[PDB]
12 protein chains.
Amino acid sequence: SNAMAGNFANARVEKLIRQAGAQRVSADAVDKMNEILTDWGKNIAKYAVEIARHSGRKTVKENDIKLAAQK
Amino acid sequence: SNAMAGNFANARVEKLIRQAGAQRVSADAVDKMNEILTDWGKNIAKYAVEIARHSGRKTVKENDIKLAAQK
Amino acid sequence: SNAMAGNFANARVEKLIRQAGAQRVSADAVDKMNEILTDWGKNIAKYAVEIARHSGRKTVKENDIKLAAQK
Amino acid sequence: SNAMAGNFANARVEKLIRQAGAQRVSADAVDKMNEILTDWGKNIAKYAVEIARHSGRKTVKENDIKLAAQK
Amino acid sequence: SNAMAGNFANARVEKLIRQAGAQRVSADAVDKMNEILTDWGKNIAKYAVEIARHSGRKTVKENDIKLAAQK
Amino acid sequence: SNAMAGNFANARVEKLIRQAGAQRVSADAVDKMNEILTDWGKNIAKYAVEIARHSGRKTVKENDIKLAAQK
Amino acid sequence: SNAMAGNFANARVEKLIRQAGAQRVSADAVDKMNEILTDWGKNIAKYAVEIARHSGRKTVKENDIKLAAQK
Amino acid sequence: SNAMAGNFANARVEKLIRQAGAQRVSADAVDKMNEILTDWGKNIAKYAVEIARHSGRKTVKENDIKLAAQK
Amino acid sequence: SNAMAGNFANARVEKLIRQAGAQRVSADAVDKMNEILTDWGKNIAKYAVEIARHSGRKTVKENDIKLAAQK
Amino acid sequence: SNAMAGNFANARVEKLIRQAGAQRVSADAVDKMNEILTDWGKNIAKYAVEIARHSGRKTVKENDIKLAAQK
Amino acid sequence: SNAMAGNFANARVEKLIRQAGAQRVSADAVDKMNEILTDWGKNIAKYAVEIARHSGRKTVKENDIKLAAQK
Amino acid sequence: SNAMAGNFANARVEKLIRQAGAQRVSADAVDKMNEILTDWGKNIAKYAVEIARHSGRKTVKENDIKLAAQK
DNA sequence: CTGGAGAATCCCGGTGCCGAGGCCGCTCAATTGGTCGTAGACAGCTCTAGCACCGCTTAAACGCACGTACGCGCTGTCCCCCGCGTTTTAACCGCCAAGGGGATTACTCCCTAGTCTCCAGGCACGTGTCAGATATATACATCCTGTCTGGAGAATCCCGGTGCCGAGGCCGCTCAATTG
DNA sequence: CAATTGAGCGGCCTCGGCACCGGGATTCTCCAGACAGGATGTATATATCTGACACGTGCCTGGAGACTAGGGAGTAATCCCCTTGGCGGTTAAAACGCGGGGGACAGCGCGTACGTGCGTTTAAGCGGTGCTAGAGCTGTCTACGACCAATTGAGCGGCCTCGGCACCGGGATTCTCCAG
C-alpha cells in the first residue's frame, strides 16, 4: 500500500514495533511508522549521494552513509 | 543477514538509496543504512509504546507514533 | 531582570551554584544559569502539555512531567 | 516544601508550566518539575565550578556555565 | 464573518491560539489567524488538485495533499 | 476524529479543497489537509504568543499573528 | 571547473550573459551564474522526479517538468 | 536543436535530471527543462547587466549576478 | 493606528480611494489599503538600499528607487 | 509638492526608506518613491471600486481591496 | 575584499575554520564562509529590528536578537 | 571581550545590525549577535573539515563549505 | 421588496508632525595614474549529437469492487448579546546607557619566496551489475472476540480570592579576586 | 607585581510566594456496545543467492599551483569621557476580552447506489546502448582597456528651529448594507 509514501514491507515495520514491546499494533500505526522511516531514510540517502559525488565517485559507500547520518 | 542489527529487507533499503539518486550502491552501504534505519525506528517505537500505555491502552495507534516522532 | 529569558529568582539560582561548591559567583553567571534552566524547563513543560492532552486531559500531572523528561 | 529536592519557588515553576500551555496544573506536577530542574541545574553547576577552578579562578563566570551546559 | 477570507470557525481558530499558550486572545487576532490559515490552505489545495489531475484522477487523495505540502 | 492531530471541522476542510477545484475528495485527503493546517497553524500561534509576551502583554493581537507569519 | 557546483559549460553560460547585453563578462560572474542555474535546475528536477513516480512512472516527461516549474 | 529557446547542451540538462534521481528521461523533458533554465537565466542576466551599468561599469561581476538573483 | 503595519496617514489613503471613484469608504478598507501600500513600499525600499550600497554609496538616490521598482 | 503625482506626505515616505536601512536619503528619491506608491495605489483602488460596484455596493470594503491586490 | 558580500575580517573567519580542526584552508573557502555568515547574520538582524520596533523601541537589545534567532 | 564566545570584531557585528535598519544598538545585543554567529559558524566549519578529510584532503575548499552549509 | 441597525458622513476642536529656511560638513563625482584581468586568436583533445537496433515501459481496454456522493437524521456546536474588570494605552519624570567625539594601539591585508600537496594520467584488482531459479515470507481474505470508546455519576482536588509574613532585589561601601 | 573591577556583606523595605477555606468541574470508575486487531490459512511475487562479466576505484607517479611563514605599513577596532535621548516605571481611565446564557444551524453520521480508481493484459511507442565524426569547449599567451585607489571641490543632506496646516477624534444622524 502507498508504495511512494511507505517504502518497506508492512510485516517488517510491524515486527519492529512489537519487539519495541507493543502488546497490540494498529494497521494505521504500521503505515505511519513506515512513512516516518521512509521520509527520514530518503533525507539521509539524498545527502550521502551528494557526499559520494563530491568525493569524485559514482558508488555510495559505508563511509558516505555514516557521514550523512552524523549531519 | 544480521537480522537483529538490520530489520528491513536489503533489496528495499537498496531501492531507497537508488531513488535518492545513486548511480551504484555498495553492499556495505545497504547494510549500514539498514542498521541506521533500524536503530532510529527502534527508538521511536519504544517511546510510542510508553505513550500508548500512559494513555491507558494496549494498542499502539497512529497518534502515539506521530507524538513519539515529534519528541 | 529579563523576566522572559530567566523565569526563576536570581537569589535561588545563585544559592544553587554556591551549594554546587562555588567560592564566588558572578552576576552574569547567575543570569546565564537562569536562562539555561528556563530554556530547558520550557522544552520539558511544552512536551508534557502535549502528553496530557493526548491522554485526554486538561491537567498536567506528575506522570506527564516524568514521561516528558525521559524523552 | 522539600527544599533540598526542589530549590525554586513553586509559584514560579507553576507559571512556567502554564505558559507552556497548561489549562490546569497538579501540585504534584509542580513538585516533580521543581525536582527535575533542581537535579539538572545541580549537575551543570557542579561541572562549571570544576571548569572555573581548572581555569585558576575562585569565581564562576558566564563562560564556565556556557561550557558546562555544552558538555 | 468574512466567509471568503476566513474559511474556518472562529471558535476553533481561538482554541488553537489558546493551546499554543495564549493567556488572552483578541478577536482581530482570531480573524487574522483564520485568514492566514485560509490563504495557505488554498495554495496547497489548488496545487494538490493539479497533481490529482496530472495523475489521471478526479479524486484528491492523501498522497496528493502530502506531495503538494512538500513543494 | 483525531482531535489533537486535526483541529478544524472536516466539513470545512473538505469545502476548502472543493473550492480549490476538486471534482471529488477522499476522506483521507480531508484528514491529511486538516493535519497539515493544524501543524502549521500551531507553529505560527506558538511564535505569536512569544512575541505578545516579549512585547509585555498577556493578549495575542493581530500584529503579533502578522509578525509571526512573516518569520 | 567545480563540476558539482556548476553543471553547464562555462562558454554557454558566458554566451547567455553576453546576449543579455553584457559589454564584458568576468570569469567569476560566469561561475556564479553557472552555480545559480545549477542549484535552481536541481530543485525543479528533484520535484519533477517525485511527480513522475507519484504518477506511477519511471520516465520523467515534459508535463512533469512543466508542473514542477509551476510550483 | 531550437538554439534560441534552449541555450545549454541537451546531454548536460539530461545529466542534471538523472542525478536528481530519474530512472529514465524523455527527450521532450530534456527540451522543456533546457527552455525553463534558459528563460530563467535570461531574466537574471538581463537584470545583472542593468546593475553593472547603474554601478558605472561595462563588466558584469559576481556581485551583480548575486544581487540580481536575490531580487 | 497600527503604526508598524500602516505607515501612512489614514486621511491620505482615504483621499486616494475616493479619487479612484469611491462613493463611500469603510475604515477597514482604509486600514487594509494602508497595510498593502506599506508592505509593497518596504519591499522596494529594502532593495533600493542594497542597490545604493552595491553602487558604493550611503545615500539612496532617485535612480536606485527607479531600478528597484523595475525588478 | 506635486500633489497629483505624489499623494503621501514626504516625511512619511522618507521614514519608510530610512527604516528599510538607508544611511542617507536624497529628496529626489523621496519624490520618486512617493510617485511609485501613488501610481500603484491608484491602480489597486480603481480596480477595488469596480469590484465594490459589481458586488452591488457604493462602499469600498476590506475584502474588495484584498481581492483587487491579488489580481 | 567584496565588503558587501563578506562583512567580517578574513583573518577572523580563517581562525574560526582552523579551530574547527582544519590542517590547511583555501582563500576561496575563507571567502565562502564569510559570505555564508554574512547572509545568515543579515537575516537574523533584519528580523530582530522588526521585533524591536513592534515592541515600541528604537534600540535593538539582547532579547530581540535571542527571539529572532529562535524563529 | 569573551574571545572564545564571540570570534568576530564587535565593530563589524554592530555595522551588520545597523545596516539591517537599527536606529540604535545595545552593547549586549552586539555581544549576543557575535556569540550566535560564532556558534553557528563553528558548527558549519567542523562539518566542512570532516567533508574535506572524507574527500582525502588536508585543505578545506569552497565546495566543502558549500556542502556543509546545505546540510 | 421589505425591516432593522451598523457604521460612514459631515461637522467642529485642538494639537502634533509635516514643511520650509538657514547653516554646516560629510559625501558623491571627476580626474589621474597603474594594474588587474579581460578579449582575441590559435591547437587539439573532448564530449557532444546523430543514426541504427533491441525491448522495457507505456498507454488503452475493460471488468470487479472500493469508497465516494446525495439525502436525511439528530444534537453538539459556534456565533451573538449583555454585564462586568482587567489589561492596555497614553501622559510625565527621572536615570541608564547609546551616541559622538579624539587618540593609540593591535591586528589586519598585501607582497614576498619556498614547497607541500591537490590534480591528472595510466595502470591492475575489486566488486557492483545484470540475468536466472528457488522458495519463503509477504499481503489479502475470513471468522472471532478483546479492546477502545462512550456515557453517566461520584468526589477529588485545582482554581480562585484571602491576609501577612518572608525573602528577593536594590544601594552603598569595601577590599578581595582578576586581568595585564 | 600593580591597580583596577566587580562580588561580598551589610541594612530597609517592597513585591509576591505561601498556607487556608469554598466551590466546582475535571477525572476516574463502572458497565454496554461494536470497532478492528489477532490468529489461521493460501497463493505468489518478492528477496536472496549464483555466477560471469567489465566498469569503477584505488594505487603510484609527476608537475604546477596555491597555501604557509615571515615582514611591514596602515588602519579601523577599542577604550575612555561626555551628553542627552529614550527606555522604563507610575499612574489614571477608557477598551475590549472573559464569562454566562440561548438558540438554531451545520457538522457528523448512517445507508444506499453507482461511479471510478485499481488491476490484468496488448500492442507499439520510444528511451537506452552502442558506435562514429567532428565542431565545440577548453587552455595559452598577448596586450591594452577599464577597473580600482587616492585625491580634490562643491553640493546637497542633516541638523536644528518656527509656525500653521491638516490629521485624528469625537458626536449626532441617516444612509445603506445585511437578513430574511
Side-chain angles (χ1 to χ4, degrees), chain A residues 1 9-12 24-27 57-59, chain B residues 9-12 24-27 56-59, chain C residues 9-12 24-27 57-59, chain D residues 9-12 24-27 57-59, chain E residues 1 9-12 24-27 56-59, chain F residues 9-12 24-27 57-59, chain G residues 9-12 24-27 57-59, chain H residues 9-12 24-27 57-59, chain I residues 9-12 24-27 56-59, chain J residues 9-12 24-27 57-59, chain K residues 1 9-12 24-27 56-59, chain L residues 9-12 24-27 56-59:
Chain A
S1 52
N10 264 19
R12 287 254 180 118
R24 297 165 65 94
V25 193
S26 183
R57 283 142 53 243
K58 301 193 185 190
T59 309
Chain B
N10 264 19
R12 287 254 180 118
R24 297 165 65 94
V25 193
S26 183
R57 283 142 53 243
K58 301 193 185 190
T59 309
Chain C
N10 264 18
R12 287 254 180 118
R24 297 165 65 94
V25 193
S26 183
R57 282 142 53 243
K58 301 193 185 190
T59 309
Chain D
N10 264 19
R12 287 254 180 118
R24 297 165 65 94
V25 193
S26 183
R57 283 142 53 243
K58 301 193 185 190
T59 309
Chain E
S1 52
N10 264 19
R12 287 254 180 118
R24 297 165 65 94
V25 193
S26 183
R57 283 142 53 243
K58 301 193 185 190
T59 309
Chain F
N10 264 18
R12 287 255 180 118
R24 297 165 65 94
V25 193
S26 183
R57 283 142 53 243
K58 301 193 185 190
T59 309
Chain G
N10 264 19
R12 287 254 180 118
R24 297 165 65 94
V25 193
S26 183
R57 283 142 53 243
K58 301 193 185 190
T59 309
Chain H
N10 264 18
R12 288 254 180 118
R24 297 165 65 94
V25 193
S26 183
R57 282 142 53 243
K58 301 193 185 190
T59 309
Chain I
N10 264 19
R12 287 254 180 118
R24 297 165 65 94
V25 193
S26 183
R57 282 142 53 243
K58 301 193 185 190
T59 309
Chain J
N10 264 18
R12 287 254 180 118
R24 297 165 65 94
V25 193
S26 183
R57 283 142 53 243
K58 301 193 185 190
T59 309
Chain K
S1 52
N10 264 18
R12 287 254 180 118
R24 297 165 65 94
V25 193
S26 183
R57 282 142 53 243
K58 301 193 185 190
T59 309
Chain L
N10 264 18
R12 287 255 180 118
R24 297 165 65 94
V25 193
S26 183
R57 283 142 53 243
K58 301 193 185 190
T59 309

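What's counted below: heavy atoms across the whole structure, side chains too, no hydrogens, waters or symmetry copies. A, B, ... follow the sequence lines: proteins, then strands. Residue 1 opens every chain.
Nucleotides M/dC26 and M/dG102 are separated by 9 Å at their P atoms, to the nearest Å. Atom name P, nucleotides N/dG103 and M/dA154: the rounded distance is 30 Å, in whole Å. Comparing the same atom, P, in N/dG17 and in M/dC159 gives a spacing of 16 Å after rounding to whole Å. With P as the reference atom, N/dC79 and M/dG180 are 10 Å apart, rounded to whole Å. Annotation: N/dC108 and M/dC79 have their P atoms spaced 13 Å apart (nearest Å). The separation of N/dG139 from M/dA120, taken at their P atoms, amounts to 9 Å, rounded to a whole angstrom. Distance noted for atom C1' between N/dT83 and N/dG157: 24 Å (whole Å).
The nearest whole Å value for the distance from the CG atom in I/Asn10 to the P atom in N/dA166 is 17 Å. Taking atom NZ on I/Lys58 and atom P on N/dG158, their separation rounds to 12 Å, with Å as the unit. When the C1' atom of N/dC118 is taken as reference, atom CZ of G/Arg57 falls 17 Å away, rounded to whole Å.
The nearest heavy atom of DNA chain N to L/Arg12 and to F/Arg12 marks one nucleotide each, and the one closer to the 5' end goes with L/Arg12.
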So what's the dot-bracket for DNA chain M: Watson-Crick or G-U pairs under 3.5 Å, [ ] if a pair crosses, | if it pairs off-strand? |||.|..|.|||..|.||||.|..||.|||||..|....||.||..|.||||..|.|..||.|.|...|||..|||.||||||...|.||.||.|...|||.|.|.|||||||.|||||||........||||..||.|.||..|||||||||.|||.|||...|...|..||||.....
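Here M/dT68 has a north sugar; its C1'-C2'-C3'-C4' angle has a plus sign. North is the pucker assigned to the sugar of N/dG136, its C1'-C2'-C3'-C4' torsion being positive.
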Under-3.5 Å N/O pairs linking protein and nucleotides 7-10 of chain N:
from, atom 1, to, atom 2, distance (Å)
N/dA7, OP1, C/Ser26, OG, 3.3
N/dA7, OP2, C/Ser26, OG, 3.3
N/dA7, OP2, C/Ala27, N, 3.3
N/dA7, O4', C/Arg24, NH2, 3.1
N/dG8, OP1, C/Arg18, NH1, 2.8
N/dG8, OP1, C/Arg18, NH2, 3.0
N/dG8, OP2, C/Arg18, NH2, 3.0

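Remark: I/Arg12 engages no residue in a side chain to side chain donor-acceptor pair (under 3.5 Å) (not counting sequence neighbours). With sequence neighbours excluded, the residues that form a side-chain contact (heavy atoms from CB on, under 4.5 Å) with D/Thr59 are C/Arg24, C/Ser26, D/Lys61.
Note that the first and last nucleotides of DNA chain M, 5' to 3', having any atom under 4.0 angstrom from a heavy atom of chain D are M/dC158 to M/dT179.
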